[PDB]
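Peer 1: Got a structure for you, questions after.
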Amino acid sequence: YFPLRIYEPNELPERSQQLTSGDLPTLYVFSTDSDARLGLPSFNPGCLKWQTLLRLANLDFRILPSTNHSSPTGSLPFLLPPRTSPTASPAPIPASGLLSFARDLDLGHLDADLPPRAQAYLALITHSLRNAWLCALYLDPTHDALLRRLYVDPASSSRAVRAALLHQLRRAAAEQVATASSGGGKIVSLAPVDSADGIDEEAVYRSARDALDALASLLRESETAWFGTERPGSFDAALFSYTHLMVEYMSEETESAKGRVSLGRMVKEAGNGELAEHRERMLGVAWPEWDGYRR
Amino acid sequence: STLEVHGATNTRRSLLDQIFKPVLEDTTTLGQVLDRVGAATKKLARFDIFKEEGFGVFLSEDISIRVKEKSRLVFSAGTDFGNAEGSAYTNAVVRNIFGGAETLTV
Amino acid sequence: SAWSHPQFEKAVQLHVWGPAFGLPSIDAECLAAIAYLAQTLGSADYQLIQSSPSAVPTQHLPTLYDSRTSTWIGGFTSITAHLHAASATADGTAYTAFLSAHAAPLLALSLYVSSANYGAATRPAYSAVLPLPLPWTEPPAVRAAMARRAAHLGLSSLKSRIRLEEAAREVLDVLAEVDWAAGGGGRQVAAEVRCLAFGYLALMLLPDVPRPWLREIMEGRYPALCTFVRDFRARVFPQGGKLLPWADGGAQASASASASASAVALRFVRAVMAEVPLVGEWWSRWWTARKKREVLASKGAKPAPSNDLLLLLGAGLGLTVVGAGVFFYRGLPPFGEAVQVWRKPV
Amino acid sequence: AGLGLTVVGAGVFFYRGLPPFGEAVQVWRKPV
Amino acid sequence: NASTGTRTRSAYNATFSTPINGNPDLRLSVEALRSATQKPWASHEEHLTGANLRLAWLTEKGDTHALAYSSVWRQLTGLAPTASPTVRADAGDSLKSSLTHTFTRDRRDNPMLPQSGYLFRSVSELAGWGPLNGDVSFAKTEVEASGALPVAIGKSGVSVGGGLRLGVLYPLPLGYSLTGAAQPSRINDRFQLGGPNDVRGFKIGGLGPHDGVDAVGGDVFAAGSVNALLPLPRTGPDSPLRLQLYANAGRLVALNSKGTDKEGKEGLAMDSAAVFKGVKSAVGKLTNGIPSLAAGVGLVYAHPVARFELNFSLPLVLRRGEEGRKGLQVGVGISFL
C-alpha cells in the first residue's frame, strides 16, 4: 500500500553469475582449478571420503574448489543445491547431510551401523592413519613444496600472508597430532602442545605401519573383494580417502639417505598388497574413466 | 545427607573442609541440623573470602550453599581520618592468594 | 624450525604416578604399564620410580629408563614396543587404537570434567603424590589436557544424563565382546592389550566419585567387565599393590631421588614461567625443543646442534615490550630550556 | 638483574596469580 | 582500542604522526590497524590486519588533501547463518595494496547543520596495478557535492538543502597496462547504499542487488537529496534542534558482462572491451527508470561533535527486495546525505 512501484530486481554482479550459476548440485572440496573441471579426486582426505561416497551414490554433481571459510560449519566439504531463482537459492547441505540429499537402487549400504568389531577397526583409520598423514604432510620438511602449492599458494598470492597461512596450518596440525596418545601425550603448561617438539614421530610412524598391517589382515578374510560386503560402503570409502592420497602424493621413489620408508610404499607393500588392489578396484567403480594415477 | 558449596571457585578445598566436615557429624532432630548449618555458614563469613549479599542455603529432599567470591584485586585513593586533618593514600589489596590470605600495600 | 621434524648429523626404571585410588597408580596409561611390567619381567628387574611430568625429559609420564643403554622411552605403546592366527595381533592393534581414543575421553568425563568428581576424588589424589608447591601447577595442567581430550563428545560439566549414558554405552558395547580375561569365549587378543584394557576399565569403575554414573552403568549393564577388573586386580595387585618393587621404601620414598628443594623449586619456577603470555609461550616452545633433543640424544641419534631462535624471539618480544613501555613512559631528557633567546645579527 | 626480575616476577605473580584453587561445585557426604 | 555494542569487536592502530619540514599543516602518519568488524547486512565478518602510511596536507584556503598507501588482509570468516551463495563464493583472503587521494573543500557555516554553506569532497583509489601488487585491481572513484541556502524570513534559518553523490568501480588488469584480462569485483570492494545516513527510509543495507536477505554491493551508484530544514515553528532561531523535510533518491547497479559469449570458460576474466561495455551499460541502466524515493519529517539536533535525527520516513518507490523501512528511522553520525 505504501510503496508505489516495483522495478524488476537488481541483477546480481558478475562474480555471482560466473560462479554460483549452476545446473547440478555443487560440492565444495579442497581441489584445484585444473582438476575440478574433470571431477578428479580432491587432495584432502576429509573431502575425498565424501566425494567417493557421493560418486558411489550415483549422484550427478559438480566439484568446485573452496577454502574452508565458506562452510555452514567449520570444515569444508559441504554441498549447495542448484539455484532455483536468479536471486535466491536453497540452504547449504553440511557434510553430514550429503547422503540424505543423495536420495537410486539402495542408499543403505553407504550409511549403516557398523558391527562392533568394525567400530574398533575404524579407529585405525580415523586416528592412526590420520595422525600419520598430518605429521607426514604438515610437519615434514620434504613436503614443504606440496603443502605450499596445495594449501597456501592458491590462497593469497602474497608472501607476507602466505607465511602466516603456512604458520597457522602447521600449528593447527601439530595441535592435533599432539593429542592422540599414539605419538604425543606430553604435559606442559595449560596450553596444547602446538609444535613438532611434542609430537614424537617414530611412535606415529610405527602406529601407522601397524594400522596398515591390521587393515590388510582384515581385508584378507572378506572373500568378496571389499570389507565384508558386495559393494563398497562407508568403510571402503573411509580407507580409500587415505590410501589413495598416500599413494599419490607421498610415494617418493631419497628414502635410503633418511630411512623411514614413505607412507605410499607402506601402503603398496602392506601385507600382500591387498590395500593397493583395493584402492585400484575403487578407482574403477567411482572413477571408471580416469587414467594416470599411481603418481 | 549431602551438602554442596556452589560458587567458591578460588577457595581451597581443605579450608571449606575444616569448616564443613564436622557439620556432617550430626548423626530427625531438624533443629540441631539447622543450628549447625547456621553456625557453619556464620563461621564461613568471619573470613574475608567472599561477599555477604548471597549466602543462600537451600533445603530439599539435601543442603546447597551458594557463595560468590568477593574479588582478587582492589585499588583505592580515599582519604584517611587517622587523627589528622587529612591523608591521601593508595591502598592496593589482594583479597585472596592461596587460601584465606591477604596482601595490602598503603 | 620448531614446527618440523628434527635434523640429524651426517634393570629398567618405570616412572609412574602415585597410587591414589587403591590401585598402583592413576592415569590408566601408567597403571597399564605397571600391570604389564609386573606380569613379564619379575620383581628383580624393574624399580617403579614415582615421578611427575616435570621430573623426566620425555614430559610424558609412562616413561621407562633402560639402564644399559640409558635410553628414555615415553608412552605405553612405545614401552611395550621396547621390552619385546594373525587376527589375534590385528585385533590387538585395533582395540589398542580404540582404547587410546574413545575410552580416554570417557574416563576423562568422570574424574576430570565433572567438577564434582575433580576436587572431591581426583584433585586430592593428585596432591597426595606431589611435592608440596607442585599441586598448584601440575594438577590443573593435567585437568586441562584431559578436558581438551574429552572434547568432541559435546559434553561438559552439565535430563542431560541419558546422554552421558548413551555416550558410555557406545563405547562399552564395543569393549564388551573381547573376552578380556579367559581361556575361552569371544576374541582373545593379547596380553599387552589386556593390560591396557584393565588400566582404563579399573580407573573407570573403582574410584569413589561423588557422582558415579560410570560405575553405575558398568556394574548394571556390563558384569563381564566388572568381573574381569576384579579378578585381574586380585591376581596381579594383591594387597593394594604394595608388593610391587617400588624404590627404596615404597611409593612416597620414591619421590626422594629427584625431589630435593632445589629441583622442586626449579620445576615450580618453570611451570609458572610458562604462564606469562608471550615470553611464556615462547619459553615453553624452546624448553620442549631442548628436552626433545635431549631425549633423542639419549636414544642414540645425533640431532642438529641447537637453534636458540625461539628463546631469542621470546626474549626479544619481552625486552622490546618493556623497552618501548619505559621509553614512552619516562622518555628522554627534555629537548628544550625554560628560556630561549633570539637576537638579530649585525 | 635480581632486583628487576624479582620486581617483575612479584608483579606478575600477584596480578595474574596461580590457577584457581577450588571448583564451581564441591560435594561432601557422610561416610558409612 | 574501540569496541562497539553492535558491530565492531576490536581495534588497535597506534597512529604515529610527525610534522614534515617544520610545517604544522603538512603531516605524516604511520598507522598499524587490527580490527574485526561485523557486517550483518551481508552476513559475514571482516578481519583487517594491515598498516597504512598517510600524508595529509591542509592548505591555507581551508581545503585539505591526503595521499595514503594502505596494505591490508581482509579475511571474511563469519558465515555462521544461512547467508548466500554469493557471500560464500567470496569466501575470503586478500591483500589490496592501494593508493588513495581525498580532497575536502569545506565551506559550510556549520559542519553538523549547514545553512549557508557548500561542500565538495572527492575520494579516488587505485588498488593493485603496476607497482602495487596484491589480489584486487580496480580504480574506485567517489564524488560528493552539497549545499545549503536560506531565502527569506534577523536570521531565521529556512536553509533549503541539497546533495549529490556518485561513484564508479572499474576493474583493471594486474600489471603496467590499461588493456588486459581484469577480474570482477568482490563483496569486499563494492559499494553499499542506504540506511540512516546515505538514503533514509531504508535498512542499513538496502538499495542494491540482493541474493536473498543478503545485501551484495554494486559498482556504479548515484544518490541524491533535497531538504527544507525549517526552523522550530513560531519560536525563531533557537537551539540546534530544528525541523527537517526531505526527499531522497538512490541507485546502485552492478557490473555484468552479458555482452560477450566468446569468454565462456574462465568467467572471472574480462577483456578490456567487455569491461568497458559493462560499465557503459551499467551507467545506462542507472540513467533510465525512476531511481528510488523516500520522504518524511525529522528532528535534527546538531550536537557539537555529532548529529541526531530520530526521523519518520515512508519509502515511495523501490526495487524487488530492497528492504525499505518505515518505523522511526533513528539516525546518528557525522556524515549525512
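Here's how to read the names in the C-alpha cells: chain A, B, ... by the order shown, residue numbers from 1 in each chain, ligand numbers from 1 in the order shown.
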Mind listing as a list in words which residues of chain E are within 6 Å of chain A, counting only C-alpha atoms?
Peer 2: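 Residues of chain E within 6 Å of chain A, counting only C-alpha atoms: residues 77, 86, 88, 91, 93, 94, 209, 211, 212, 254, 255, 256, 267, 315, 316, 317, 318, 319 and 320 of chain E.
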Peer 1: Taking only C-alpha atoms into account, what are the residues of chain B at most 10 Å from chain C, put as a VMD selection string?
Peer 2: chain B and resid 2 4 12 to 14 98
Peer 1: Can you tell me, as a list in words, which residues in chain B count as helix (DSSP H, G or I) by DSSP?
Peer 2: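 For chain B, the helix (DSSP H, G or I) set is residues 13, 14, 15, 16, 17, 18, 19, 20, 22, 23, 24, 30, 31, 32, 33, 34, 35, 36, 37, 38, 39, 40, 41, 42 and 43 of chain B.
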Peer 1: Skip stretch 16-30 of chain D itself and residues of its chain fewer than 3 positions away, then list as a PyMOL selection string all residues within 6 Å of it, counting only C-alpha atoms.
Peer 2: (chain B and resi 2-7+9-12+24) or (chain C and resi 115-116) or (chain D and resi 12-13)
Peer 1: Mind checking which residues fall within 9 Å of stretch 13-30 of chain E, counting only C-alpha atoms, ignoring those fewer than 5 positions away in the same chain, and posting them as a PyMOL selection string?
Peer 2: chain E and resi 1+35+51-60+68
Peer 1: Would you list the contacts of residue A:168 as an MDAnalysis selection string, taking every protein, DNA or RNA residue within 12 Å and counting only C-alpha atoms, but skipping same-chain residues closer than 3 positions in sequence?
Peer 2: (chainID A and resid 138:139 151:152 161:165 171:175 194:195) or (chainID C and resid 3)
